[PDB]
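Shown next, in structure tokens, is the structure this report addresses.
Here is the structure:
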């Protein structure tokens with residue numbers, strides 16, 4: 001088992017990482033090196049820097065996911081997730097537009113749903129929402145004060161989110177983050193928290209009972225956002241890859257990119273961190289490398305992927321994994 005996953009060995013918290021610099025929006029370095037960097041800049045609890053745990057290092061090593069897991073402290077639930085879809089584009093392509101040489105209906109339909117998505121718009125949506133959620137916790141020393149505050153801003157912007165259920169994913173989100181509840185960080189005090197975003201890329205046809213076509217061309221009705229809110233229901237995500245088209249086509253099951261909480265007003269220049277794959281240094285896949293890619297890079301990419309989710313969670317405000325600016329590279 002060469003392609004056995006290994007956990008990276010411990011870096012000293014004294015040693016720096018080596019020089020890297022972005023090329024065309026992306027930068028990258030081996031996991032080892034990334035750990036170094038992480039310990040220098042993202043590792044603080046209470047302004048005081050520290051090592052990546054064994055456990056933390058083990059998580060890191062699962063790949064696409066591992067930096068969201070470490071940085072959020074939990075494996076991604078994705079319960080509160082937004083996206084943007086143009087329902088009007090979809091229905092007017094769907095029934096005034098026209099397939100392309102040799103493309104079937106399922107094909108055609110799956111494809112037009114994929115492109116009726118807008119990611120820039122889904123990202124600012126989760127980011128404007130995060131801002132509201134954040135102003136709602138700024139001064140709020142119990143969850144009540146929070147929710148009340150929340151409700152007011154929402155209502156004031158005439159936001160569809162206002163009307164969400166109170167066991168909804170949106171309202172539950174803070175009482176449901178495990179760190180909320182902690183002596184250590186949060187402590188049932190909203191004001192001790194921060195909203196954070198990451199993103200998942202993923203496939204729409206995931207059904208065992210799916211017609212073959214959906215599994216390979218896409219489900220045009222799966223993971224559509226709710227048009228008022230933008231919320232997407234992620235419960236139907238079973239982490240199943242795309243089924244093959246030719247034999248040339250192998251597919252990953254998903255991607256995950258960490259944004260955190262940057263202040264960067266230009267969404268395009270914001271940075272999305274993610275490993276390439278799990279760590280197999282002994283093996284074919286190789287070592288994990290981690291990429292800090294610009295947003296314009298994150299939202300392009302793959303083929304593998306016909307849906308994108310922009311998710312919110314919360315971390316303690318004392319942690320440094322979601323700072324106001326992130327840079328590409330080293331330095």
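In the authors' numbering, the protein residues as written are 1 to 331. Beta carbons: idealized from backbone N, C-alpha and C, even for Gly.
- In the structure shown, the three-state DSSP call for residue 27 is strand.
- The beta carbons of residue 166 and residue 312 sit no closer together than 7 Å.
- In the structure shown, residue 270 adopts coil according to DSSP, grouped into three states.
- Using a Cβ-Cβ distance cut-off of 8 Å, the stretch 227-234 and the stretch 102-118 are not in contact, since fewer than three pairs of beta carbons, one from each stretch, lie closer than that value.
- The shortest CA-to-CA distance from residue 178 to any of 35, 265, 69, 218 is the one to 69.
- For the stretch 9-64, the full-length alpha helix (DSSP H) segments reaching 4 residues or more read 31-41, 54-60 along the chain.
- When the alpha-carbon of residue 268 is set against those of 24, 77, 161, 146, the nearest one is in 24.
- Considering only 202, 210, 225, 128, the residue with the shortest C-alpha distance to residue 85 is 225.
- Taking 7 Å as the cut-off, the beta carbon of residue 26 is found closer than this to the beta carbon of residue 291.
- In the three-state reduction of the DSSP assignment, residue 311 falls in the strand class.
- Going by DSSP, residue 130 is part of the alpha helix (DSSP H) stretching over 119-135.
- Note on residue 270: 16 or more other CB atoms within 10 angstroms of its CB, so buried under the neighbour-count rule.
- Secondary structure note for residue 325: it is in no alpha helix (DSSP H), with a DSSP letter that is neither H nor E.
- The way I'd put it, the stretch 39-55 doesn't touch the stretch 86-95; fewer than three beta-carbon pairs between them come closer than 8 Å.
- In the pairwise beta carbon analysis, the stretch 153-169 is classified as not touching the stretch 90-106: fewer than three pairs are separated by under 8 Å.
- By the criterion of a C-beta distance shorter than 6 Å, residue 43 is surrounded in its chain by 49, 50, once the five residues flanking it on both sides are discounted.
- Residue 317: not part of any alpha helix (DSSP H); DSSP gives it neither H nor E.
- In this structure, residue 7 and residue 61 form a Cβ contact; the two beta carbons are roughly 5 Å apart against a cut-off of 8 Å.
- Of all alpha-carbon atoms in 241, 52, 161, 136, the one lying nearest the alpha-carbon of residue 191 is that of 136.
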